[PDB]
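As structure tokens, the structure follows; a few thoughts come after it.
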2 protein chains.
Amino acid sequence: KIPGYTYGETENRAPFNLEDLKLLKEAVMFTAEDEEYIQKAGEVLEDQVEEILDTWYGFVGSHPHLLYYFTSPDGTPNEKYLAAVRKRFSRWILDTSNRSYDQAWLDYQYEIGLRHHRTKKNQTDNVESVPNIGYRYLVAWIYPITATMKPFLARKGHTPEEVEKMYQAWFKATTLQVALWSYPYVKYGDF
Amino acid sequence: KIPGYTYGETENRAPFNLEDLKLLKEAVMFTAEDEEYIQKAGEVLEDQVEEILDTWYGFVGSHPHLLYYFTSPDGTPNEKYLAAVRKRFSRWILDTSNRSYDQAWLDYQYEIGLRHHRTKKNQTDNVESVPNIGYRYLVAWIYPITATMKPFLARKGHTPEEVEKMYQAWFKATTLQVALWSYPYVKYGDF
Ligand code: HEM
Ligand code: HEM
């Protein structure tokens with residue numbers, strides 16, 4: 001059990017459906033081939049999820065304007081917030097790799113969007129923190145979340161081009177999701 | 001002259017400044033090393049800019065829901081629109097490589113955002129087309145605009161490690177810009 005992790009039990013239907021997903025997957029050049037390799041990436045990443053998260057949390061920790069989004073109103077880091085989110089963030093690596101991308105998947109993407117946005121931020125862990133994460137930074141994180149992953153994908157001794165195929169799947173999957181999470185941020189009708 | 005290309009003469013000020021850019025550059029892990037390598041990418045790409053646009057326009061052309069954003073009301077591609085945008089799109093490759101990322105640069109990023117958004121779309125070329133490019137697809141394009149560039153960066157005979165450095169600079173620069181272009185799409189206060 002992971003506190004706050006409500007995959008498959010959301011209680012809002014995403015405003016996007018499988019037809020939206022098909023066309024967005026096309027925009028990001030994700031095909032049947034990538035499903036194979038994202039799943040392959042999951043087998044490779046399963047044991048390293050703690051290292052990856054340390055890398056990501058280290059990036060957060062070293063940037064005051066990034067750590068800021070986890071802070072209590074007095075500017076100090078909320079330790080409980082960081083730790084609770086970490087378990088769901090870590091699980092997300094595996095969900096990205098293992099889940100079928102169906103309507104339950106989409107409904108969670110919407111939920112994750114809401115949690116970054118002022119709509120639901122700080123509700124999941126019942127914490128008091130900054131109200132909203134500026135959208136500029138979710139798009140910006142496509143880079144670190146994609147690029148810092150690559151080394152971990154090579155850690156099971158796979159062939160240069162196999163690593164490359166897992167990386168590309170990961171790059172597309174990260175981009176695809178961030179695009180979906182923009183929904184609560186974007187003016188109604190502009191998404 | 002490039003019709004509709006108003007870099008340095010937008011006479012609207014960006015709602016983001018150099019301090020915002022510093023913090024966004026940090027989010028995207030863009031440093032002085034990347035300024036060197038983005039500049040080097042420009043030298044490599046200068047000669048290849050038409051074949052690059054052929055590739056991107058080839059992607060647009062094979063997906064009806066993408067070609068869509070360049071269509072006249074009858075659903076056929078507006079040829080005047082594609083051709084005029086192609087010149088500004090091709091110049092943007094070199095601007096990304098060659099310009100100082102200063103307030104003049106930021107002001108144009110804001111203009112480019114306005115041009116994909118319903119605020120200014122179709123005004124520059126005085127064309128009749130669809131009102132808005134769904135923001136979901138700008139984020140999504142981070143993938144093809146980044147990944148399809150990579151082979152072009154290798155055509156000047158550079159080593160794979162130098163190509164890798166130009167490619168990483170290009171990936172960060174693309175992500176960085178798309179993040180900025182979200183401004184007119186994001187609910188005020190949520191960017
Ligand atoms: C590629 C971009 C990003 C990815 C892949 C990502 C991933 C995630 C995931 C998987 C969760 C947990 C979702 C759940 O509750 O199940 C989460 C929540 C969270 N993330 Fe992000 N995120 C991104 C952008 C950012 C940025 C830029 C920040 C700023 C530091 C950030 C800070 C946070 C915070 C504070 C939460 C907890 C939100 C809440 O109160 O529920 N994230 N993120
Ligand atoms: C990484 C994402 C993208 C990049 C780097 C990019 C780049 C550009 C550039 C440089 C221009 C010309 C700007 C100027 O006026 O000087 C432009 C305009 C345009 N682009 Fe994009 N673009 C992206 C996303 C998209 C998407 C997803 C579409 C959908 C097909 C699209 C279609 C168009 C259209 C229709 C225009 C003309 C807008 C107008 O009427 O002024 N772009 N883009």
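Residues in the structure tokens are numbered from 1 in each chain, the chains being A, B, ... in the order shown, and ligands are numbered from 1 in the order shown.
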
Mind listing as a PyMOL selection string which residues of chain A are within 8 Å of chain B, counting only C-alpha atoms? chain A and resi 23-24+26-29+65-66+117+132-137+139-144+171-172+175-176+178-180+182+185-187+190-191

Residues as selected, N, CA, C and O atoms, written as a tab-separated table (two decimals), in the first residue's frame, can you do that?
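Below is the file that was written, part.tsv:
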```
chain	number	residue	atom	x	y	z
A	23	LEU	N	-4.05	9.95	-30.83
A	23	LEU	CA	-3.54	11.10	-31.60
A	23	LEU	C	-2.34	11.77	-30.95
A	23	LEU	O	-1.46	12.27	-31.63
A	24	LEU	N	-2.31	11.77	-29.62
A	24	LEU	CA	-1.17	12.34	-28.89
A	24	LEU	C	0.04	11.42	-28.97
A	24	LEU	O	1.16	11.89	-29.14
A	26	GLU	N	0.62	9.52	-31.48
A	26	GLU	CA	1.11	9.81	-32.82
A	26	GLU	C	1.97	11.08	-32.86
A	26	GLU	O	2.99	11.12	-33.54
A	27	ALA	N	1.58	12.10	-32.12
A	27	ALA	CA	2.34	13.36	-32.06
A	27	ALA	C	3.74	13.15	-31.49
A	27	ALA	O	4.69	13.86	-31.83
A	28	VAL	N	3.87	12.15	-30.64
A	28	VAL	CA	5.09	11.89	-29.90
A	28	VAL	C	5.82	10.67	-30.48
A	28	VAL	O	6.83	10.21	-29.95
A	29	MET	N	5.28	10.13	-31.58
A	29	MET	CA	5.91	9.04	-32.36
A	29	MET	C	6.06	7.75	-31.56
A	29	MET	O	7.00	6.98	-31.76
A	65	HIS	N	14.75	27.24	-5.77
A	65	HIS	CA	13.48	27.54	-6.43
A	65	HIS	C	12.69	26.28	-6.82
A	65	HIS	O	11.52	26.37	-7.18
A	66	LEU	N	13.34	25.12	-6.73
A	66	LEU	CA	12.68	23.83	-6.98
A	66	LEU	C	12.22	23.17	-5.67
A	66	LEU	O	11.08	22.71	-5.55
A	117	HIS	N	-1.02	21.04	-9.96
A	117	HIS	CA	-1.76	22.30	-10.11
A	117	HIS	C	-2.41	22.68	-8.77
A	117	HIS	O	-2.53	21.83	-7.88
A	132	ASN	N	0.73	26.11	-5.76
A	132	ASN	CA	0.73	25.73	-7.17
A	132	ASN	C	2.16	25.55	-7.62
A	132	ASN	O	3.03	26.29	-7.20
A	133	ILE	N	2.40	24.57	-8.49
A	133	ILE	CA	3.70	24.48	-9.16
A	133	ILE	C	3.57	25.10	-10.54
A	133	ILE	O	2.86	24.56	-11.38
A	134	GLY	N	4.24	26.23	-10.77
A	134	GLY	CA	4.25	26.90	-12.06
A	134	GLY	C	4.45	25.95	-13.23
A	134	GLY	O	5.40	25.17	-13.23
A	135	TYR	N	3.55	26.00	-14.21
A	135	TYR	CA	3.60	25.02	-15.30
A	135	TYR	C	4.94	25.01	-16.05
A	135	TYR	O	5.40	23.96	-16.48
A	136	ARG	N	5.57	26.18	-16.17
A	136	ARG	CA	6.87	26.31	-16.83
A	136	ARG	C	7.84	25.20	-16.40
A	136	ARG	O	8.65	24.73	-17.20
A	137	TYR	N	7.76	24.79	-15.13
A	137	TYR	CA	8.72	23.83	-14.60
A	137	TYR	C	8.38	22.37	-14.91
A	137	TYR	O	9.27	21.56	-15.02
A	139	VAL	N	7.10	21.35	-17.83
A	139	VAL	CA	7.67	21.22	-19.19
A	139	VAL	C	9.19	21.16	-19.09
A	139	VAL	O	9.80	20.26	-19.65
A	140	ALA	N	9.79	22.08	-18.33
A	140	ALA	CA	11.25	22.07	-18.13
A	140	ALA	C	11.80	20.73	-17.62
A	140	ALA	O	12.85	20.29	-18.07
A	141	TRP	N	11.09	20.08	-16.69
A	141	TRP	CA	11.55	18.77	-16.18
A	141	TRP	C	11.55	17.62	-17.19
A	141	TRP	O	12.18	16.59	-16.95
A	142	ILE	N	10.86	17.78	-18.32
A	142	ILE	CA	10.98	16.77	-19.39
A	142	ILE	C	12.45	16.47	-19.61
A	142	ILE	O	12.81	15.29	-19.67
A	143	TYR	N	13.30	17.51	-19.68
A	143	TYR	CA	14.77	17.28	-19.82
A	143	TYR	C	15.48	16.46	-18.71
A	143	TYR	O	16.07	15.42	-19.01
A	144	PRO	N	15.49	16.95	-17.45
A	144	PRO	CA	16.14	16.13	-16.43
A	144	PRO	C	15.51	14.75	-16.24
A	144	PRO	O	16.25	13.78	-16.08
A	171	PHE	N	11.76	8.73	-23.20
A	171	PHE	CA	11.67	10.12	-23.63
A	171	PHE	C	10.25	10.43	-24.12
A	171	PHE	O	9.65	11.40	-23.67
A	172	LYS	N	9.71	9.59	-25.00
A	172	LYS	CA	8.35	9.81	-25.53
A	172	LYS	C	7.26	9.70	-24.44
A	172	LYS	O	6.29	10.48	-24.43
A	175	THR	N	7.41	12.85	-22.19
A	175	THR	CA	6.80	13.95	-22.96
A	175	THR	C	5.29	13.80	-23.03
A	175	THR	O	4.57	14.74	-22.75
A	176	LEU	N	4.84	12.59	-23.40
A	176	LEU	CA	3.41	12.30	-23.53
A	176	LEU	C	2.62	12.63	-22.25
A	176	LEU	O	1.56	13.25	-22.29
A	178	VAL	N	3.55	14.54	-19.49
A	178	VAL	CA	3.62	15.98	-19.17
A	178	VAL	C	2.62	16.76	-20.01
A	178	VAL	O	1.98	17.69	-19.51
A	179	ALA	N	2.47	16.36	-21.27
A	179	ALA	CA	1.51	17.01	-22.15
A	179	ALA	C	0.10	16.88	-21.60
A	179	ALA	O	-0.65	17.86	-21.57
A	180	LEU	N	-0.24	15.67	-21.14
A	180	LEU	CA	-1.54	15.39	-20.53
A	180	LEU	C	-1.77	16.16	-19.22
A	180	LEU	O	-2.86	16.68	-18.97
A	182	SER	N	-0.78	18.98	-18.39
A	182	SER	CA	-1.00	20.41	-18.61
A	182	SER	C	-2.48	20.77	-18.53
A	182	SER	O	-2.81	21.94	-18.40
A	185	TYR	N	-3.97	23.26	-16.14
A	185	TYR	CA	-3.26	24.54	-16.29
A	185	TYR	C	-3.72	25.38	-17.45
A	185	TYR	O	-3.65	26.61	-17.40
A	186	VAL	N	-4.14	24.71	-18.53
A	186	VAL	CA	-4.41	25.39	-19.79
A	186	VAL	C	-5.83	25.96	-19.78
A	186	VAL	O	-6.76	25.30	-19.28
A	187	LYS	N	-5.99	27.19	-20.28
A	187	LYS	CA	-7.33	27.80	-20.40
A	187	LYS	C	-8.29	26.85	-21.13
A	187	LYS	O	-7.92	26.19	-22.12
A	190	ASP	N	-8.28	25.43	-24.87
A	190	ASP	CA	-6.98	25.65	-25.52
A	190	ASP	C	-6.00	24.44	-25.51
A	190	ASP	O	-4.93	24.50	-26.12
A	191	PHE	N	-6.39	23.37	-24.82
A	191	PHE	CA	-5.57	22.15	-24.68
A	191	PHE	C	-5.68	21.25	-25.93
A	191	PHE	O	-4.71	20.61	-26.37
```

Please give me, as a list in words, the residues lying within 6 Å of ligand 2 when counting only C-alpha atoms and all ligand atoms.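 Selection of residues at most 6 Å from ligand 2: residues 5, 66, 67, 69, 70, 85, 88, 89, 92, 112, 115, 116, 121, 122, 124, 137, 138, 141, 142 and 145 of chain B.
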
Here is a test: counting only C-alpha atoms and all ligand atoms, which residue of A:57, A:167, A:16, A:37 is nearest to ligand 1?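 That would be A:57, the residue with the smallest distance to ligand 1.
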
Taking into account only C-alpha atoms, which residue in the set B:18, B:38, B:106, B:2 is nearest to residue B:166? B:38

Nearest residue to ligand 1 from the set A:52, A:163, A:93, A:154 (distances using only C-alpha atoms and all ligand atoms):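 Closest to ligand 1 of all the choices is A:93.
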
With a distance cut-off of 8 Å and only C-alpha atoms, select the neighbouring residues of residue A:8, excluding the residue or stretch itself and same-chain residues fewer than 4 positions from it, and output the selection as a tab-separated table (two decimals) with C-alpha atoms, in the first residue's frame.
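Final file, out-v7.tsv:
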```tsv
chain	number	residue	atom	x	y	z
A	104	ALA	CA	-7.75	3.98	-15.99
A	105	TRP	CA	-4.24	5.09	-17.01
A	107	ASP	CA	-7.75	8.99	-15.41
A	108	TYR	CA	-4.64	8.81	-13.25
```

Separation of atom CA of residue A:96 and atom CA of residue A:170, in Å?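 These two atoms are separated by 8.4 Å.
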
I'd like to know which residues of stretch 19-161 of chain A are alpha helix (DSSP H) (by DSSP, run on the backbone); could you write them as an MDAnalysis selection string? chainID A and resid 19:27 32:45 49:61 64:67 79:98 103:116 135:147 150:153 160:161

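Atom pair atom CA of residue A:34 / atom CA of residue A:169: separated by 5.0 Å.
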